[PDB]
Each structure stands twice: as C-alpha cells, then as structure tokens.
Amino acid sequence: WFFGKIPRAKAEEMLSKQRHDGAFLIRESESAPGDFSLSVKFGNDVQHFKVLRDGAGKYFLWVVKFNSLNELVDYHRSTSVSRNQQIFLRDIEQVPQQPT
Ligand SMILES: NC(=O)C[C@@H]1NC(=O)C2(CCCCC2)NC(=O)C[C@@H](c2ccc(CP(=O)(O)O)cc2)/C=C/C[C@@H](Cc2cccc3ccccc23)CNC1=O
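Residues numbered from 1 in each chain as written, not as in the entry; some residues may be left out. Heavy atoms only, no water.

Per the PDB record, the structure was determined using solution NMR.

And the structure:
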C-alpha cells in the first residue's frame, strides 16, 4: 500500500481503479525524507490524512501511535478511521508483479 513519489492525482487513480470501498495508499515526499501521507477513497471523493511522528520513527494521527507504519494501516483496518461514517482501510491492490 506504500508508494514512493506520487502526486495526489496518481493516488486518487490507484484507489478509484480499485473495486472495493476504503482503499488506502500512503505516499512519501521526494526531497522530504521522513514524511508520510495516507490517501483513502471515500465515495466520489478521495480523502487523506497527514501522518506525523515523534521521537524518531514512531508515527501517529490523533491519539494512536506505533513504531512502524504497518501498525497504523492495520490498527485502522480493524478500527474505525473516519469521523463521518463507519469504514475501514481496505488493502489496496499494490502494483502487480509479473516476473519473467
Ligand atoms: N492527521 C490528520 O490527517 C487529521 C487532520 N486532517 C483532517 O481533518 C482532514 C482529513 C480528510 C478530510 C478533510 C480533513 N484532512 C486535511 O486536513 C488534509 C491533510 C493532508 C494530508 C495529506 C496531504 C498530501 P497531498 O497534498 O499530496 O494530497 C495533504 C493534506 C492535512 C493535515 C495537516 C494537519 C496540520 C498538522 C501539520 C503538521 C503537524 C501536525 C501535528 C499534529 C496535528 C496536525 C499537524 C491538520 N489536519 C489534521 O490533523
């Protein structure tokens, strides 16, 4: 669900292209090392949530924090995340791997 340097636009397409509802995708800055931004699809609008961190790598949003980003996507994948409806983080179909 992680993506290197990609414009908010590209992300919206990655989620929309999906079939389920609640596709999440975390993108990282280009020259901003240590930055993380989650992009989830909600209906006909692609929302997002700026991810923060403190100490060293530990990230968080409001009152929840973890060591790795994986703990965030998971925690929210089972526990509510939106402050409007009841939706979870759906595992996005990361880029396909077609080896030779
Ligand atoms: N942490 C969160 O994501 C929750 C919350 N965000 C929101 O309420 C919403 C959620 C989706 C629906 C509208 C409201 N989003 C925003 O304010 C936008 C968010 C954001 C995230 C990712 C990107 C990357 P992009 O430009 O490539 O799309 C741009 C903006 C931009 C978020 C920046 C926040 C300001 C902020 C800046 C730096 C450090 C912070 C530390 C703690 C709290 C806020 C901080 C203010 N907003 C929020 O804290």
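A.B. asks: Just to check I follow, could you spell out the site of the ligand for this structure?
C.D. replies: Within the structure, the ligand sits among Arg8, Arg27, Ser37, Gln47, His48, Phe49, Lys50, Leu52 and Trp62. Here an oxygen atom of the ligand and a side-chain polar atom of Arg8 are 2.8 Å apart. Taking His48, its main chain carries an N or O atom lying 3.5 Å from a nitrogen atom of the ligand. Notes on the ligand: free accessible area 900 Å², of which the protein chains cover 51%. (Near = heavy atom within 4 Å. Polar contact = N/O pair within 3.5 Å; in protein donor to acceptor, adjacent residues only side chain to side chain. Areas by Shrake-Rupley, 256 points an atom, 1.4 Å probe, with all protein chains shown as cover.)

A.B. asks: How should the sheet that holds strand β3 (residues 36-42) be read in this particular structure?
C.D. replies: Within a beta sheet, neighbouring strands are joined by backbone hydrogen bonds and run either parallel or antiparallel to one another. Overall, mixed pairing links the six strands, which are arranged β1-β2-β3-β4-β5-β6 in an open sheet. Since the sheet does not close on itself, it has two edges, and those belong to β1 (2-3) and β6 (65-66), each with one partner. Here strand β5 (residues 59-60) runs beside β6; their pairing, made up of two bridges, is antiparallel. From the neighbouring strand, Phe60 faces β6, where its bridge partner is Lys65. Of the strands in this sheet, β2 (24-27), β3 and β4 (45-53) are in contact with helix α1 (residues 8-16), which crosses β2 at around 155°. (Pairing = 2+ DSSP bridges. Helix = DSSP H or I, 4+ residues; strand = E, 2+ residues; numbered from the N terminus. Contact = heavy atoms within 4.5 Å. Axes fitted to C-alpha atoms, helices over the stretch in contact; angles between N-to-C directions.)

A.B. asks: I tried to follow empty space enclosed by the protein on my own but got confused; where do I start?
C.D. replies: Rolled over the atoms, a probe sized like a water molecule indicates the empty space that remains. This structure, assessed with the given rule, holds one cavity of 30 Å³ or more. What the largest cavity holds in volume is close to 100 Å³. As for the largest cavity, its lining consists of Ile26, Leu38, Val40, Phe42, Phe49, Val51, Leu61, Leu72, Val73, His76, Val81 and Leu89. For the lining of the largest cavity, the secondary-structure elements that each account for two or more residues are β3, β4 and α2 (69-78). A class-by-class count of the residues in the lining of the largest cavity yields 11 nonpolar, one polar and no charged. (1 Å grid on protein atoms, 1.4 Å probe; cavity = no way out; pocket = protein on both sides within 12 Å on 5 of 7 lines; lining within 4 Å. Points joined across faces, edges and corners; volume = space filled by probe spheres on them. Nonpolar A, V, L, I, M, F, W, Y, C, P; charged D, E, K, R; others polar.)

A.B. asks: When you look at the pattern of salt bridges in this model, what are you seeing that I'm missing?
C.D. replies: One side chain can pair with another of opposite charge once the charged atoms of both are near each other. Here the structure, examined in full by the defined rule, presents two salt bridges. Here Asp21 makes a salt bridge to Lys41, at a shortest N to O gap of 3.9 Å. Of this pair, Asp21 sits in the loop between α1 and β2 while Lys41 sits in strand β3, and the two are 20 residues apart along the sequence. Judged by its relative accessible area of 53%, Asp21 is exposed. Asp35 serves as the salt-bridge partner of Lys50, at 2.5 Å between the closest nitrogen and oxygen. With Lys50 in strand β4 and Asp35 in the loop between β2 and β3, this residue pair connects regions lying 15 residues apart in the sequence. Exposure remark for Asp35: the relative accessible area of 25% places this residue in the partly exposed category. (Salt bridge = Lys/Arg side-chain N within 4 Å of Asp/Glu carboxyl O. Buried < 20%, exposed > 50% of the residue type's maximum accessible area, 1.4 Å probe, protein only.)

A.B. asks: What is the right way to read the pairing of β4 from this model?
C.D. replies: For a regular strand, side-chain orientation follows a simple rule: the groups alternate between the two sheet faces. Pairing of β3 with β4, which is carried by seven bridges, proceeds in the antiparallel orientation. Paired with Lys41 across the two strands is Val46, which belongs to β4. Between β3 and β4, which pair antiparallel one after the other, the connecting turn spans two residues, and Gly43 there sits at a positive phi close to 70°. Where β4 and β5 come together, two bridges link them in antiparallel fashion. Bridging across to β5, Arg53 finds its partner in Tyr59. Following β4, the chain reverses through five residues before pairing antiparallel with β5; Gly55 in that reversal takes a positive phi of roughly 95°.

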